[PDB]
Amino acid sequence: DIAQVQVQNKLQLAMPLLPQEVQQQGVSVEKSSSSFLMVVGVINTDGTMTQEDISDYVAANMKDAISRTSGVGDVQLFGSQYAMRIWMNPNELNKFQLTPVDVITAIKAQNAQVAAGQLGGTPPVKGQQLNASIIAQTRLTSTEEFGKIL
Amino acid sequence: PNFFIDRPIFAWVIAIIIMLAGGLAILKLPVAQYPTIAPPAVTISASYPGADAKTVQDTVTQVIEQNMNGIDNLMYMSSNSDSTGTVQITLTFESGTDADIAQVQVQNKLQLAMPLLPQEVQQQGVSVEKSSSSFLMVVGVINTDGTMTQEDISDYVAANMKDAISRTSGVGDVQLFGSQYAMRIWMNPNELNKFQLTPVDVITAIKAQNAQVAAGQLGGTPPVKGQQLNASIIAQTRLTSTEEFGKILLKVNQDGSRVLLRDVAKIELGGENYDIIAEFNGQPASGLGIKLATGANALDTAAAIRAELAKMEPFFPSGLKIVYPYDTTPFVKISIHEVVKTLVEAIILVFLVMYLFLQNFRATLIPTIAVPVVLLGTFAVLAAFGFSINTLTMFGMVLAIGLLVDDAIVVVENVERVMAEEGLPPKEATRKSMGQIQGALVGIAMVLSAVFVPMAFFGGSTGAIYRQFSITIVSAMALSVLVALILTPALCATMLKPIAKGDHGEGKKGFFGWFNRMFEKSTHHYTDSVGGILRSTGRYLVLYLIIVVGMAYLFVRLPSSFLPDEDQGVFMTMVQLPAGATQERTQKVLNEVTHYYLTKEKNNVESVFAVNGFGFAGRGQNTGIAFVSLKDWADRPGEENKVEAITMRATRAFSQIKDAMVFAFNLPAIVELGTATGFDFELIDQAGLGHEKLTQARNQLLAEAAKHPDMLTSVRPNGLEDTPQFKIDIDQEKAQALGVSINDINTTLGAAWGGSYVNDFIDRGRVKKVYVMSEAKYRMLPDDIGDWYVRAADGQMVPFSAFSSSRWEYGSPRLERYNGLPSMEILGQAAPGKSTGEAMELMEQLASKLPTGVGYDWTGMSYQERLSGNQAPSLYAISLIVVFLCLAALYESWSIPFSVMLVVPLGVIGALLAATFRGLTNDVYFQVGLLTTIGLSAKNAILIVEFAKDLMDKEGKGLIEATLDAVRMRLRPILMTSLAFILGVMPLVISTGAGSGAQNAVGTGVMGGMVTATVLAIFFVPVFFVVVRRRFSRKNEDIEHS
Amino acid sequence: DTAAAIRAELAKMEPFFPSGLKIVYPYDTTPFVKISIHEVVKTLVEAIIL
Amino acid sequence: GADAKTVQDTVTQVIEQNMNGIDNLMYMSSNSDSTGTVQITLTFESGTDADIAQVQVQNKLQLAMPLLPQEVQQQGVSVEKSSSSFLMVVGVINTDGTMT
Amino acid sequence: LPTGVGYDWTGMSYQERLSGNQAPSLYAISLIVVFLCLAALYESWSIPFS
Ligand SMILES: CCCCCCCCCCCCO[C@@H]1O[C@H](CO)[C@@H](O[C@H]2O[C@H](CO)[C@@H](O)[C@H](O)[C@H]2O)[C@H](O)[C@H]1O
């Protein structure tokens, strides 16, 4: 544990001089083994769901607890969690005279959470009688809302 | 053992050595109210100004809960996502985990999670802390002459006191209650619109004109050959005045007219945040929370703190007084004082019993020396094992007196008895007697710890609580026995006066003890009578079974606690208003409370500390809480002037005649613990569900626990209910159309209604924050949304009503999580005369009946309790098996032990009787009470049966004769012990004043137990030894032999 | 210990799996150590009988 | 580039404020630079656990964090186990075509 | 020096100050250890004083 601490307190002086891509994709520092103590499997017998559906159930319902189980160093995913996958057409893009870059900025823009504030906020004016939250732009939820992105 | 009887000085040296190590451990030992008891919890706290419950949950919370993997000995994880924009994630760890290593591991996993966070959060600071909730003291700061506002005060605390007190020795942690100064910039939407400017431009203005810039150096390295000058370049300097912030330029107009900040908005030194307002007896007040350093002496920390405060008093601003609303300290002062009172008095009573029974002063000086010595030693044994002088270990010792006391008496009496019996010189009488009780003392040491040790190995917070007692008491006992085989035998053999053969002092003297005949006759009455019973034992076996069935019934029909509640000079009452209320509406209630306590409790209440914005159920304008301090107990006489009755009448007062919920209450002595007959159930969203489904589950379960009043009571949700929240749907198209950048809409919306952290300025030498936010009057009512305009791309202003639609909805003000997943916390307690466990199992039954995607779980108080209770029967199996094996050793029978183990119920029936008539509760102190009582009665029967076995085997005397004799020769000391004891415990059983809950809890059970135990043992032990022995061997027989 | 505890967590989650989602155990270093040492205890008691 | 009197009451004293409840601290001394560096030294009771001490210090300091500057925040503040005496100084020179 | 200007020693002379401060306590304890020891082996209370 102290070794882990000593390594990571140099990792932390290295961090700001790293790419933002690496930095937000996440850096991990761990005391692990070298080989697998064990490999847990999940299958679907009745073929009802595809591989990715599954990889998603595993990553979205289990892997966070199994990685919090005391004494477990690293977990490795055979599969992957879900993502919003946006698969660009180079032609259909060139058609409308647009770049990937525009997609990037767009999605950053129409999809976010916003610090909004409060009616009857603190510090209010005398006798105010209502206190309630302002809910502004909210993160997206369906695939469609992503299709409808302007 | 003999060795010392021929060497009094060597023993004197061992005594001096134990006394000095104890003296040393006494001088430099930690004192705290309680030991570390609760599992270690580390909390990550973060704030996101203006955000809503779902914002902070889905932008910060879940990102942290996912990046918290692989941290060692994780027990459980819970979080709060406050719609007041704060998130708190508490990781409670396995008991005995390194507090410091756990915390470090957490803070460096969060530190890698940091970049995946929002920049507002990343710059507001994420914090990591060790979670006790036991501040040694809570010091208040106020102003009398109304001279300064609460924020003014808060700042004074931060800027003039907090640091010296954190230098005050013995003070480990200081925590601030209030809000530091900030640069508050309050925009006028109208004067903003006039000049065709947005908050956005304000933000950029302030970021740009206020900063420090990398400047450089003259004659820099590498200079040019022959260079002549070296000095620093000082550049653009951060602003300092409110004025200089006024002068910052926002736009130059067409006519050369200037737009200064001064123009569009008010600028003032003001609070960093205005949620929480604190009032100390109606006056403006702010304050500090002091935590006791790890290992520090509590009472000295407090003394130093008050000394530091007085050391600052000549330098205070006008009317700035320090007040002390919360101090655990005088209670520990009085508790410690009272336990010492007990120990010295117990010595006095043992001296007085020993005189009014042996009326020979130099005898009565022996146990007078012994105990003082043994205690001093146990303090050194503790210090050796890293413990402290605290409530648990001190009442551990008050209990131990009896095992120490008896042990000395047993010895000296046996010397006295031999000299007056056979006529030996002092010393040779000693070897007869020590030679007699030696194995008995070694046996008692092994059986007494055979019952006192296994209870130490209890796991959890319960287990730790026991470990304090078990260790204190066992060591006290082992040292008493070593002292009884080295020192007291040495002190007998040397200073004890020789008694003429066949003395017994019957009369001989006129003035001091015509008693001895009186006694003598009677101890014959008694032995005559015991023989009498030894004829017809059967009927006596019957009586015994009656005692046992009655005993078990007493045990079942007695209620368990964890600890007893205490008037602590202090209690508090809590305030909860209807959702959405105003800071000022809550405030009204709290002003009313403050006055109630300052009126209809004029005589009891010293101070009322009302806090608006923080209560128990949550943070918000909506909730307030009032910490109430009481006049010292010296001035509060009756039973009505005590917390029970006080909180009774406060709640009785605030229930009928109120529009909101106001309960008044007292805190448990262990300030973070199991509501005894209570529990903490977690309702868990497990499938890809939504908050609605979970809440429906929760109500559904509330209905089904509403269905079991015979099992369940007052089962309640521990969250905040969904409130009406205001939704602003932005149409992206309309706004892109008119030419307004979506950011501009969002962030001016932001800086308007939420506020924004902009920059930092250096105030009076201390770097502080700069907040840009609305003025009040333009952001209160929904319609005010309208005063706000967005400058479009081209150069035009746009109403929010051009691109925003609005409505009301429901949402949650508090979003809870358990172990990474959405949860809902449910509290509860058991039916009246039912068990906690039954209610918990019925809870699992009700919850198993809940809809799919909804599972269930246990946390906290019912974690520690549900896992650490399958242990008691196992540890008591160890205790009986081990004790029987010990006594089996001491004698030489597999069966003779049963005679002495059969004594246990004789003491128990005494306590269970002693309690039920006192209406007390089978708690820890009563349990430690039972073991202590069992400890003496086993001591006594082990001695009787010892002498019995000894007369039978090494003098060939007959069964009925040897038992009779044994019971005869130890009638006297049994009675001596029990007399002294019953007299020493008597005060604890009839006490009020400080802590008397604990005192009565120890005292009662034991006193009653002692009474029945001796006044039953001196008849039942003989029957045991006899009836047991009459299922043995052959011939011998009833014996007359060589 | 780590493994027995992990089996506990999965067991905790099992009722809430999607329809047809079974767990399978393709690889575990654990049962070999358990049965391997168990043979050695078998032997000590056997040898006492011998 | 900041000046000494700045770094002392913006970074230094802001850091010294959190070194309360640090176990076995003998004395604390510090320096505040116009070359923009600041260094605060905690010397402990003899036999206090070095690694454990580092743990506690960096865990009071990381709470002092919300009160420091972002240039400070981006070039890094480090917490380290410090001697004060060089065990040895290895020298390097070049004999022939003397590189610089 | 004027009011408000105090002093301290650190490092070499802190530690030196501690050697100082400790010598007397060291002599009381070490001397008392021998007195209590000789009083032990040579059972007399008197052999120590001599
Ligand atoms: C300090 C603690 C002591 C306080 C004690 C409080 C008083 C209560 C204790 C008394 C109990 C024993 O009481 C005792 O019972 C037996 C009867 O079985 C009597 O014995 C008598 O009755 C039976 C007949 O059935 C005969 O076999 C026997 O010859 C005869 O002596 C004793 O004479 C009597 O004294």
# chains A, B, ... in the order shown; residues from 1 in each chain; ligands from 1
call {"tool": "residues_around", "arguments": {"residues": "residue 113 (chain A)", "least_positions_apart": "4", "cutoff": "12 Å", "atoms": "only C-alpha atoms", "output": "list in words"}}
result
residues 108, 109, 134, 135, 136, 137, 138, 139 and 140 of chain A; 48, 50, 51, 52, 53, 54, 55, 56, 57, 58, 59, 60, 118, 120, 743, 746, 747 and 750 of chain B
call {"tool": "write_last_selection", "arguments": {"atoms": "N, CA and C atoms", "output": "PDB file, in the first residue's frame"}}
result
ATOM      1  N   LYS A 108     -21.322  18.254 -28.253  1.00  0.00           N
ATOM      2  CA  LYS A 108     -20.969  18.939 -27.018  1.00  0.00           C
ATOM      3  C   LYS A 108     -22.025  19.972 -26.660  1.00  0.00           C
ATOM      4  N   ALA A 109     -22.631  20.601 -27.663  1.00  0.00           N
ATOM      5  CA  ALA A 109     -23.540  21.714 -27.407  1.00  0.00           C
ATOM      6  C   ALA A 109     -24.977  21.339 -27.013  1.00  0.00           C
ATOM      7  N   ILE A 134     -34.328  25.157 -10.572  1.00  0.00           N
ATOM      8  CA  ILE A 134     -34.388  25.445 -11.972  1.00  0.00           C
ATOM      9  C   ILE A 134     -33.763  24.269 -12.669  1.00  0.00           C
ATOM     10  N   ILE A 135     -34.491  23.625 -13.569  1.00  0.00           N
ATOM     11  CA  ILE A 135     -33.910  22.516 -14.301  1.00  0.00           C
ATOM     12  C   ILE A 135     -33.707  22.979 -15.721  1.00  0.00           C
ATOM     13  N   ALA A 136     -32.473  23.008 -16.203  1.00  0.00           N
ATOM     14  CA  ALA A 136     -32.253  23.560 -17.535  1.00  0.00           C
ATOM     15  C   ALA A 136     -31.997  22.427 -18.514  1.00  0.00           C
ATOM     16  N   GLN A 137     -31.064  22.641 -19.439  1.00  0.00           N
ATOM     17  CA  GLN A 137     -30.669  21.596 -20.381  1.00  0.00           C
ATOM     18  C   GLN A 137     -30.216  20.307 -19.641  1.00  0.00           C
ATOM     19  N   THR A 138     -30.769  19.153 -20.028  1.00  0.00           N
ATOM     20  CA  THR A 138     -30.388  17.862 -19.433  1.00  0.00           C
ATOM     21  C   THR A 138     -29.736  16.908 -20.444  1.00  0.00           C
ATOM     22  N   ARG A 139     -28.824  16.078 -19.951  1.00  0.00           N
ATOM     23  CA  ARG A 139     -28.177  15.043 -20.759  1.00  0.00           C
ATOM     24  C   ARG A 139     -29.215  14.222 -21.540  1.00  0.00           C
ATOM     25  N   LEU A 140     -28.809  13.675 -22.681  1.00  0.00           N
ATOM     26  CA  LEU A 140     -29.736  12.964 -23.571  1.00  0.00           C
ATOM     27  C   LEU A 140     -29.979  11.546 -23.091  1.00  0.00           C
TER      28      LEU A 140
ATOM     29  N   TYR B  48     -21.290  21.777  -6.230  1.00  0.00           N
ATOM     30  CA  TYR B  48     -21.497  22.216  -7.613  1.00  0.00           C
ATOM     31  C   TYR B  48     -22.498  23.369  -7.721  1.00  0.00           C
ATOM     32  N   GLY B  50     -25.307  25.970  -7.807  1.00  0.00           N
ATOM     33  CA  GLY B  50     -26.516  26.016  -8.607  1.00  0.00           C
ATOM     34  C   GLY B  50     -27.075  24.719  -9.183  1.00  0.00           C
ATOM     35  N   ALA B  51     -26.285  23.650  -9.240  1.00  0.00           N
ATOM     36  CA  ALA B  51     -26.727  22.398  -9.874  1.00  0.00           C
ATOM     37  C   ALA B  51     -27.923  21.743  -9.156  1.00  0.00           C
ATOM     38  N   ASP B  52     -28.622  20.839  -9.831  1.00  0.00           N
ATOM     39  CA  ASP B  52     -29.765  20.168  -9.215  1.00  0.00           C
ATOM     40  C   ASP B  52     -29.407  18.736  -8.878  1.00  0.00           C
ATOM     41  N   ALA B  53     -30.262  18.077  -8.096  1.00  0.00           N
ATOM     42  CA  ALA B  53     -29.982  16.733  -7.612  1.00  0.00           C
ATOM     43  C   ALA B  53     -29.492  15.854  -8.750  1.00  0.00           C
ATOM     44  N   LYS B  54     -30.208  15.837  -9.870  1.00  0.00           N
ATOM     45  CA  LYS B  54     -29.756  15.029 -10.998  1.00  0.00           C
ATOM     46  C   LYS B  54     -28.441  15.531 -11.618  1.00  0.00           C
ATOM     47  N   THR B  55     -28.126  16.819 -11.492  1.00  0.00           N
ATOM     48  CA  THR B  55     -26.874  17.322 -12.079  1.00  0.00           C
ATOM     49  C   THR B  55     -25.654  16.748 -11.379  1.00  0.00           C
ATOM     50  N   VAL B  56     -25.609  16.990 -10.079  1.00  0.00           N
ATOM     51  CA  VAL B  56     -24.519  16.519  -9.271  1.00  0.00           C
ATOM     52  C   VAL B  56     -24.497  14.994  -9.243  1.00  0.00           C
ATOM     53  N   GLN B  57     -25.655  14.330  -9.247  1.00  0.00           N
ATOM     54  CA  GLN B  57     -25.611  12.870  -9.310  1.00  0.00           C
ATOM     55  C   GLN B  57     -24.999  12.381 -10.630  1.00  0.00           C
ATOM     56  N   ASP B  58     -25.379  13.002 -11.739  1.00  0.00           N
ATOM     57  CA  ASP B  58     -24.981  12.450 -13.017  1.00  0.00           C
ATOM     58  C   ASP B  58     -23.777  13.098 -13.633  1.00  0.00           C
ATOM     59  N   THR B  59     -23.116  13.963 -12.888  1.00  0.00           N
ATOM     60  CA  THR B  59     -21.956  14.616 -13.460  1.00  0.00           C
ATOM     61  C   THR B  59     -20.711  14.365 -12.596  1.00  0.00           C
ATOM     62  N   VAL B  60     -20.944  14.300 -11.276  1.00  0.00           N
ATOM     63  CA  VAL B  60     -19.932  14.035 -10.242  1.00  0.00           C
ATOM     64  C   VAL B  60     -20.136  12.683  -9.554  1.00  0.00           C
ATOM     65  N   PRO B 118     -16.554  17.823 -14.167  1.00  0.00           N
ATOM     66  CA  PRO B 118     -16.850  19.196 -14.572  1.00  0.00           C
ATOM     67  C   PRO B 118     -15.832  20.164 -13.993  1.00  0.00           C
ATOM     68  N   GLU B 120     -16.278  23.252 -13.032  1.00  0.00           N
ATOM     69  CA  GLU B 120     -16.781  23.988 -11.890  1.00  0.00           C
ATOM     70  C   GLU B 120     -16.445  23.191 -10.635  1.00  0.00           C
ATOM     71  N   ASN B 743     -24.418  28.359 -25.341  1.00  0.00           N
ATOM     72  CA  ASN B 743     -23.652  28.684 -24.146  1.00  0.00           C
ATOM     73  C   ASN B 743     -24.115  29.964 -23.531  1.00  0.00           C
ATOM     74  N   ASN B 746     -27.325  29.353 -21.684  1.00  0.00           N
ATOM     75  CA  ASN B 746     -27.042  28.557 -20.493  1.00  0.00           C
ATOM     76  C   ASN B 746     -26.267  29.323 -19.412  1.00  0.00           C
ATOM     77  N   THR B 747     -25.100  29.888 -19.729  1.00  0.00           N
ATOM     78  CA  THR B 747     -24.256  30.503 -18.700  1.00  0.00           C
ATOM     79  C   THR B 747     -24.777  31.852 -18.195  1.00  0.00           C
ATOM     80  N   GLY B 750     -27.173  30.730 -15.891  1.00  0.00           N
ATOM     81  CA  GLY B 750     -26.367  30.284 -14.768  1.00  0.00           C
ATOM     82  C   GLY B 750     -26.029  31.449 -13.874  1.00  0.00           C
TER      83      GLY B 750
END
call {"tool": "residues_near_ligand", "arguments": {"ligand": "ligand 1", "cutoff": "12 Å", "atoms": "only C-alpha atoms and all ligand atoms", "output": "ChimeraX atom specification"}}
result
/B:519,522-543,970-979,982,1010-1020,1022-1023
call {"tool": "select_by_dssp", "arguments": {"residues": "chain D", "states": "strand (DSSP E or B)", "output": "list in words"}}
result
residues 25, 26, 27, 28, 29, 30, 31, 32, 38, 39, 40, 41, 42, 43 and 44 of chain D
call {"tool": "interface_residues", "arguments": {"of": "chain E", "to": "chain B", "cutoff": "12 Å", "atoms": "only C-alpha atoms", "output": "PyMOL selection string"}}
result
chain E and resi 29+32-47
call {"tool": "interface_residues", "arguments": {"of": "chain C", "to": "chain B", "cutoff": "12 Å", "atoms": "only C-alpha atoms", "output": "list in words"}}
result
residues 2, 5, 9, 12, 13, 14, 15, 16, 17 and 18 of chain C
call {"tool": "write_last_selection", "arguments": {"atoms": "N, CA and C atoms", "output": "PDB file, in the first residue's frame"}}
result
ATOM      1  N   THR C   2     -10.782 -14.029  -1.078  1.00  0.00           N
ATOM      2  CA  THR C   2     -11.180 -13.096  -2.119  1.00  0.00           C
ATOM      3  C   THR C   2     -12.226 -13.762  -2.990  1.00  0.00           C
ATOM      4  N   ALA C   5     -15.666 -14.530  -1.277  1.00  0.00           N
ATOM      5  CA  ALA C   5     -16.365 -13.213  -1.212  1.00  0.00           C
ATOM      6  C   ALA C   5     -16.967 -12.732  -2.572  1.00  0.00           C
ATOM      7  N   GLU C   9     -20.808 -11.970  -3.825  1.00  0.00           N
ATOM      8  CA  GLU C   9     -21.346 -10.815  -4.580  1.00  0.00           C
ATOM      9  C   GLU C   9     -22.195 -11.193  -5.789  1.00  0.00           C
ATOM     10  N   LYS C  12     -25.382 -12.520  -4.657  1.00  0.00           N
ATOM     11  CA  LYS C  12     -26.193 -11.354  -4.294  1.00  0.00           C
ATOM     12  C   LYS C  12     -26.935 -10.731  -5.492  1.00  0.00           C
ATOM     13  N   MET C  13     -26.291 -10.800  -6.660  1.00  0.00           N
ATOM     14  CA  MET C  13     -26.823 -10.246  -7.915  1.00  0.00           C
ATOM     15  C   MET C  13     -27.684 -11.206  -8.745  1.00  0.00           C
ATOM     16  N   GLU C  14     -27.490 -12.499  -8.534  1.00  0.00           N
ATOM     17  CA  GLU C  14     -28.122 -13.523  -9.348  1.00  0.00           C
ATOM     18  C   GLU C  14     -29.620 -13.465  -9.529  1.00  0.00           C
ATOM     19  N   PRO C  15     -30.375 -13.054  -8.503  1.00  0.00           N
ATOM     20  CA  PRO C  15     -31.827 -13.043  -8.780  1.00  0.00           C
ATOM     21  C   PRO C  15     -32.305 -11.996  -9.814  1.00  0.00           C
ATOM     22  N   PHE C  16     -31.441 -11.013 -10.057  1.00  0.00           N
ATOM     23  CA  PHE C  16     -31.767  -9.826 -10.847  1.00  0.00           C
ATOM     24  C   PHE C  16     -31.150  -9.879 -12.235  1.00  0.00           C
ATOM     25  N   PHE C  17     -30.803 -11.070 -12.707  1.00  0.00           N
ATOM     26  CA  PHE C  17     -30.246 -11.181 -14.050  1.00  0.00           C
ATOM     27  C   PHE C  17     -31.355 -11.208 -15.085  1.00  0.00           C
ATOM     28  N   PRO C  18     -31.052 -10.744 -16.308  1.00  0.00           N
ATOM     29  CA  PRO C  18     -32.009 -10.852 -17.413  1.00  0.00           C
ATOM     30  C   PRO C  18     -32.364 -12.304 -17.719  1.00  0.00           C
TER      31      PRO C  18
END
call {"tool": "closest_atom_pairs", "arguments": {"of": "chain D", "to": "chain A", "cutoff": "9 Å", "atoms": "only C-alpha atoms", "output": "JSON lines"}}
result
{"residue": "D:51", "atom": "CA", "partner": "A:2", "partner_atom": "CA", "distance": 7.0}
{"residue": "D:52", "atom": "CA", "partner": "A:2", "partner_atom": "CA", "distance": 8.2}
{"residue": "D:55", "atom": "CA", "partner": "A:5", "partner_atom": "CA", "distance": 8.1}
{"residue": "D:73", "atom": "CA", "partner": "A:16", "partner_atom": "CA", "distance": 9.0}
{"residue": "D:74", "atom": "CA", "partner": "A:16", "partner_atom": "CA", "distance": 6.0}
{"residue": "D:75", "atom": "CA", "partner": "A:16", "partner_atom": "CA", "distance": 7.2}
{"residue": "D:76", "atom": "CA", "partner": "A:13", "partner_atom": "CA", "distance": 5.5}
{"residue": "D:77", "atom": "CA", "partner": "A:13", "partner_atom": "CA", "distance": 7.6}
{"residue": "D:78", "atom": "CA", "partner": "A:13", "partner_atom": "CA", "distance": 7.2}
{"residue": "D:79", "atom": "CA", "partner": "A:9", "partner_atom": "CA", "distance": 7.7}
{"residue": "D:80", "atom": "CA", "partner": "A:9", "partner_atom": "CA", "distance": 8.9}
call {"tool": "write_last_selection", "arguments": {"atoms": "N, CA, C and O atoms", "output": "JSON list (two decimals), in the first residue's frame"}}
result
[["chain", "number", "residue", "atom", "x", "y", "z"],
["D", 51, "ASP", "N", 7.03, 6.62, 6.59],
["D", 51, "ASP", "CA", 6.07, 6.41, 5.51],
["D", 51, "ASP", "C", 4.67, 6.79, 5.96],
["D", 51, "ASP", "O", 3.90, 7.43, 5.22],
["D", 52, "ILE", "N", 4.36, 6.42, 7.20],
["D", 52, "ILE", "CA", 3.07, 6.73, 7.79],
["D", 52, "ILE", "C", 2.93, 8.24, 7.95],
["D", 52, "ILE", "O", 1.86, 8.82, 7.68],
["D", 55, "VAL", "N", 2.09, 9.77, 4.75],
["D", 55, "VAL", "CA", 0.69, 9.57, 4.53],
["D", 55, "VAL", "C", -0.14, 10.66, 5.19],
["D", 55, "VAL", "O", -0.96, 11.32, 4.54],
["D", 73, "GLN", "N", -1.45, 24.70, -8.88],
["D", 73, "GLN", "CA", -2.17, 23.46, -9.15],
["D", 73, "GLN", "C", -1.73, 22.68, -10.41],
["D", 73, "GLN", "O", -1.82, 21.44, -10.41],
["D", 74, "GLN", "N", -1.24, 23.36, -11.46],
["D", 74, "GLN", "CA", -0.84, 22.70, -12.73],
["D", 74, "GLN", "C", 0.64, 22.33, -12.90],
["D", 74, "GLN", "O", 0.98, 21.53, -13.79],
["D", 75, "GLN", "N", 1.54, 22.97, -12.16],
["D", 75, "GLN", "CA", 2.93, 22.52, -12.27],
["D", 75, "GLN", "C", 3.27, 21.48, -11.15],
["D", 75, "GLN", "O", 4.34, 20.82, -11.15],
["D", 76, "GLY", "N", 2.37, 21.38, -10.18],
["D", 76, "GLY", "CA", 2.45, 20.36, -9.15],
["D", 76, "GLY", "C", 3.08, 20.76, -7.84],
["D", 76, "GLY", "O", 4.19, 21.29, -7.81],
["D", 77, "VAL", "N", 2.34, 20.47, -6.77],
["D", 77, "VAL", "CA", 2.83, 20.50, -5.39],
["D", 77, "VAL", "C", 3.10, 19.07, -4.99],
["D", 77, "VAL", "O", 2.21, 18.22, -5.07],
["D", 78, "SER", "N", 4.32, 18.81, -4.52],
["D", 78, "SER", "CA", 4.73, 17.46, -4.10],
["D", 78, "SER", "C", 4.97, 17.39, -2.61],
["D", 78, "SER", "O", 5.39, 18.38, -1.97],
["D", 79, "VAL", "N", 4.69, 16.19, -2.09],
["D", 79, "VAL", "CA", 4.88, 15.83, -0.68],
["D", 79, "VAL", "C", 5.95, 14.73, -0.63],
["D", 79, "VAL", "O", 5.76, 13.65, -1.17],
["D", 80, "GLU", "N", 7.08, 15.01, 0.02],
["D", 80, "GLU", "CA", 8.19, 14.08, -0.10],
["D", 80, "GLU", "C", 8.98, 13.89, 1.19],
["D", 80, "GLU", "O", 9.01, 14.77, 2.04]]
call {"tool": "interface_residues", "arguments": {"of": "chain B", "to": "chain D", "cutoff": "9 Å", "atoms": "only C-alpha atoms", "output": "NGL selection string"}}
result
:B and (100-101 or 103-104 or 107 or 123-129 or 162-163 or 166-167 or 170-174 or 212-217 or 232-234 or 291-295 or 760 or 762 or 765-768)
call {"tool": "interface_residues", "arguments": {"of": "chain E", "to": "chain D", "cutoff": "12 Å", "atoms": "only C-alpha atoms", "output": "list in words"}}
result
residues 8, 9, 10, 11, 14, 15 and 18 of chain E
call {"tool": "residues_around", "arguments": {"residues": "region 19-33 of chain C", "least_positions_apart": "6", "cutoff": "7 Å", "atoms": "only C-alpha atoms", "output": "ChimeraX atom specification"}}
result
/A:37-46
call {"tool": "write_last_selection", "arguments": {"atoms": "N, CA, C and O atoms", "output": "compact mmCIF listing (two decimals), in the first residue's frame"}}
result
# COMPACT_ATOMS: atom_id res chain seq x y z
N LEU A 37 -6.27 -14.83 -10.96
CA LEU A 37 -6.80 -15.73 -9.95
C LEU A 37 -8.02 -16.53 -10.48
O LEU A 37 -8.18 -17.71 -10.18
N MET A 38 -8.90 -15.89 -11.25
CA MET A 38 -10.05 -16.60 -11.83
C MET A 38 -10.68 -15.78 -12.98
O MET A 38 -10.50 -14.55 -13.04
N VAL A 39 -11.43 -16.47 -13.86
CA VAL A 39 -12.18 -15.87 -14.99
C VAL A 39 -13.69 -16.19 -14.97
O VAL A 39 -14.09 -17.29 -15.32
N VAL A 40 -14.53 -15.22 -14.61
CA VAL A 40 -15.96 -15.48 -14.51
C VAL A 40 -16.68 -15.37 -15.85
O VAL A 40 -16.57 -14.34 -16.53
N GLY A 41 -17.46 -16.38 -16.21
CA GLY A 41 -18.21 -16.30 -17.45
C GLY A 41 -19.68 -15.96 -17.35
O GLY A 41 -20.34 -16.31 -16.38
N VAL A 42 -20.18 -15.27 -18.37
CA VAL A 42 -21.62 -15.05 -18.55
C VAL A 42 -22.03 -15.37 -19.96
O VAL A 42 -21.43 -14.88 -20.93
N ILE A 43 -23.06 -16.17 -20.08
CA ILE A 43 -23.56 -16.53 -21.38
C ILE A 43 -25.06 -16.36 -21.33
O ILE A 43 -25.64 -16.20 -20.26
N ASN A 44 -25.68 -16.40 -22.50
CA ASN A 44 -27.12 -16.47 -22.57
C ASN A 44 -27.46 -17.73 -23.33
O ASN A 44 -27.05 -17.91 -24.48
N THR A 45 -28.23 -18.57 -22.66
CA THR A 45 -28.50 -19.91 -23.16
C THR A 45 -29.48 -19.84 -24.33
O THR A 45 -29.18 -20.31 -25.44
N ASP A 46 -30.63 -19.21 -24.08
CA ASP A 46 -31.72 -19.12 -25.06
C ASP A 46 -31.47 -18.13 -26.21
O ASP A 46 -32.41 -17.72 -26.90
call {"tool": "residues_around", "arguments": {"residues": "residue 82 (chain D)", "least_positions_apart": "4", "cutoff": "10 Å", "atoms": "only C-alpha atoms", "output": "list in words"}}
result
residues 41, 42, 43 and 50 of chain D
